[PDB]
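K.L.:
I have a structure here, written as structure tokens, and I will follow up with some questions on it.
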Ligand SMILES: *C(#N)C1([N]C(=O)[C]([C][Si]([C])([C])[C])[N]C(=O)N2[C][C]O[C][C]2)[C][C]S(=O)(=O)[C][C]1
């Protein structure tokens, strides 16, 4: 039995909304966001993790291209292999590709593994968000409506399952009969509902939100 609605922000596991700027680091922010929640659950401290650390270090060997794109899963594996990721405070985001400057003396979190959910199963995604924590996902944000989104439950007739933008599901619920996923974006606090966007849930894997979900564990 799963709760009808969930919002991890109420549980203190979600940091402030970040602004990626002109650097395509959505994948990095999605990844640190998921781990930030696990760090809170494990240690009791809420700490923004270094997305820059990922942009700069989880590079070619992980199939990532810094400001030109990357994967949340391989980002998680990097943290695992690297035996750590620095805090955002010690390794600030500059919205540009830099030489890897990771240092274990600034480590703020570790990762032991990650789990990729089965393709397109929103019911499995719901279970993971309710019982595990925020889940990193990819969505189709290629449409004008996404950029122009301001409030309510987002539904785009032209959306596809071909995802291109990494975000973080921090909860779910329903708005007057319209079910949705509560999504934390990395386009600053001025985008959508102060950094967040509620996307159609249980509407045939709308915009591929349940296409490639994954979450890390400490
Ligand atoms: C973000 N910001 C952009 N996207 C990505 O990083 C996506 C994330 Si997913 C589809 C959920 C794995 N990844 C890529 O675009 N990759 C291409 C390069 O190799 C790694 C994966 C940044 C790139 S973008 O401007 O094309 C869209 C937004």
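Along the chain as shown, the residues are counted starting at 1.
Heads up, the Cβ atoms here are built off N, Cα and C, so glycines get one too.
Dumping what Swiss-Prot says about this protein:
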type     : residues : note
ACT_SITE : 26       : active site
ACT_SITE : 165      : active site
ACT_SITE : 185      : active site
DISULFID : 13-111   : disulfide bond
DISULFID : 23-67    : disulfide bond
DISULFID : 57-100   : disulfide bond
DISULFID : 159-207  : disulfide bond
K.L.:
Just give me the nearest neighbour of residue 111 (disulfide bond) among the active-site residues 26, 165, 185, Cα to Cα.
P.N.:
26
K.L.:
Using a Cβ-Cβ cut-off under 8 angstroms and a sequence gap of six or more, which residues of the chain neighbour residue 100 (disulfide bond)?
P.N.:
56, 57, 59
K.L.:
If I take the Cα of residue 185 (active site) as reference, which of the recorded positions 26, 67, 207 has the closest Cα?
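P.N.:
Considering only the listed recorded positions, the nearest one is 26.
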K.L.:
When you tally the Cβ atoms that lie within 10 Å of each candidate's Cβ, which of the recorded positions (23, 26, 57, 159, 207) has the highest tally?
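P.N.:
Of the recorded positions 23, 26, 57, 159, 207, the most buried by Cβ count within 10 Å is 207.
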K.L.:
If you count other C-beta atoms within 10 angstroms, which of the disulfide-bonded residues 67, 111 is the most crowded?
P.N.:
111
K.L.:
Quick one: pull the CA-CA distance for residue 23 (disulfide bond) versus residue 207 (disulfide bond), whole Å only.
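P.N.:
Each residue's Cα considered, residue 23 (disulfide bond) and residue 207 (disulfide bond) end up 22 Å apart.
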K.L.:
Given the recorded positions 13, 67, 159, 165, which one's Cα is the least distant from that of residue 26 (active site)?
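P.N.:
That would be 165, nearest by Cα distance.
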K.L.:
Near ligand 1, which of the recorded positions 13, 23, 26, 67, 165 are found, taking a Cβ distance under 6 A to any of its atoms?
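P.N.:
Only 26, 165 qualify.
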K.L.:
How many whole Å apart are the CA atoms of residue 159 (disulfide bond) and residue 165 (active site)?
P.N.:
13
K.L.:
Measuring CA to CA, name the entry from the recorded positions 13, 165, 207 that ends up nearest residue 67 (disulfide bond).
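P.N.:
Closest candidate to residue 67 (disulfide bond), judged by Cα separation, is 165.
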K.L.:
For each of 13, 165, 185, count the other CB atoms within 10 A of its CB; which of these recorded positions has the top count?
P.N.:
185
K.L.:
Which whole-number value in Å describes the distance between the Cα atoms of residue 207 (disulfide bond) and residue 165 (active site)?
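P.N.:
Each residue's Cα considered, residue 207 (disulfide bond) and residue 165 (active site) end up 10 Å apart.
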